[PDB]
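Residue numbering for the sequence shown follows PDB author numbering, beginning at -4 and increasing consecutively. Backbone N, C-alpha and C define an ideal beta-carbon position, used for all residues, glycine too. Inspection log for the structure reproduced underneath, given as structure tokens.
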Amino acid sequence: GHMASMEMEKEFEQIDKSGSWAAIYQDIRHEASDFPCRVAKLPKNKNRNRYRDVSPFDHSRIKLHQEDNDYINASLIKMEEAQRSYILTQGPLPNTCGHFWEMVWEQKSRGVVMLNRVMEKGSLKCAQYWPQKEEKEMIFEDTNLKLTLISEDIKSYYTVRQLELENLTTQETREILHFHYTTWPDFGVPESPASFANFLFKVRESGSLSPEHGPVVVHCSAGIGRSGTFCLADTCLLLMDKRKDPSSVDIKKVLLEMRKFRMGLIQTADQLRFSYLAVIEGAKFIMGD
Ligand SMILES: [Cl-]
Ligand SMILES: [Cl-]
Ligand SMILES: [Cl-]
Ligand SMILES: [Cl-]
Ligand SMILES: [Cl-]
Ligand SMILES: [Cl-]
Ligand SMILES: [Cl-]
């Protein structure tokens, strides 16, 4: 509400004017939790990790319902006070797309949030894990899942797709919404915080963040930088509406809470700054400003 917005904008101005983003961001890095990632580092899981230096903590990792190997590079971020949960995961690999959709099915997720393009900077950031044409569905034979593109709505800053995910073992089918933010720049942060806040509102409006469903699945390439920005802004905005007096929300403390559940969330000072901007813009929109 009004008081939380005022204090947020105030704290932003003070950091910005004093050139403090890099120092604040270094502090967060220094203070952040360290927990073991023993399962991620097992030799049999080397081909399930996109990056050697980005791993889920054992305590918060998502387990596939698999006797063979339950490992996927994905973490449950559980925000107690805000009453929101998110699964943050790396962009699927060629050999982990079946695992990805198994996780979506097992966790009962309604939405998938993608914040990168399959190719960026001339390199593959993520496998093509969803079908691009209605008439060419995908079958994941290892996990017995079928995935059909039903429709897509292409907007200037993002695309929304309706997907149909079918468990071939049981023939149950589910509608999954794919919220694809397609315009994050190859370097730096988006020029429009408002486009990103608007994107977050479209995800919220679909019910994908709601407790009736399993946690939304959020990914970029490593699942920590852009993905961290998305969930940090969402949680901060919720808290700004939930809290009484003082109504103020401390973004650094919220980010440190989130980093208890996955390492490295928010990978640059510029992403920290962008996070504040998206929250500020989002709150103005909510208040009808
Ligand atoms: Cl092993
Ligand atoms: Cl919280
Ligand atoms: Cl893409
Ligand atoms: Cl950046
Ligand atoms: Cl990325
Ligand atoms: Cl706080
Ligand atoms: Cl870091």
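Check                                                                                                                                                           : Outcome
Since residue 233 and residue 261 should fall inside the 8 Å C-beta cutoff, what is the C-beta to C-beta distance between them, to a whole number of angstroms? : That belief does not hold up - the Cβ atoms of residue 233 and residue 261 are roughly 18 Å apart, past 8 Å.
Could you tell me which whole beta strand (DSSP E) segments of length 3 or greater appear in the stretch 86 to 117?                                             : 106 to 109
Going by DSSP, what residues sit across from residue 235 in a beta bridge?                                                                                      : According to DSSP, which records beta bridges pairwise, residue 235 is partnered with nothing at all.
Does DSSP classify residue 136 as helix, strand or coil?                                                                                                        : coil
Quick test of your reading: residue 181 and residue 116, contact by CB under 8 Å. State the CB separation rounded to the nearest angstrom.                      : 5 Å
Please list the terminal residues of the continuous beta strand (DSSP E) segment that includes residue 176.                                                     : 167 to 176
Which residues end up in the neighbourhood of ligand 7 when you take C-beta atoms closer than 6 Å to any of its heavy atoms?                                    : 24, 259
Can you list, in chain order, every residue whose CB sits closer than 5 Å to a heavy atom of ligand 2?                                                          : 74, 76, 77
Quick one: using the 10 Å Cβ neighbour count with 16 as the cut-off for buried, is residue 280 buried or exposed?                                               : exposed
Thinking just about the alpha-carbon of each residue, which of 139, 202, 36 is nearest to the one in residue 53?                                                : 36
State the DSSP-derived secondary structure class of residue 255, mapped to helix, strand or coil.                                                               : coil
Let me know if residue 202 comes out buried or exposed under the rule of 16 or more other beta-carbons within 10 Å of its beta-carbon.                          : exposed
May I ask whether a heavy atom of ligand 4 can be found less than 7 Å away from the beta carbon of residue 263?                                                 : yes
For residue 164, which of helix, strand or coil comes out of DSSP?                                                                                              : coil
With distances taken Cα to Cα, identify the nearest neighbour of residue 287 among 275, 1, 62, 9.                                                               : It is not possible to answer for residue 287, since the shown part of the chain is limited to -4 through 284.
Assign residue 15 to one of three DSSP states: helix, strand, or coil.                                                                                          : coil
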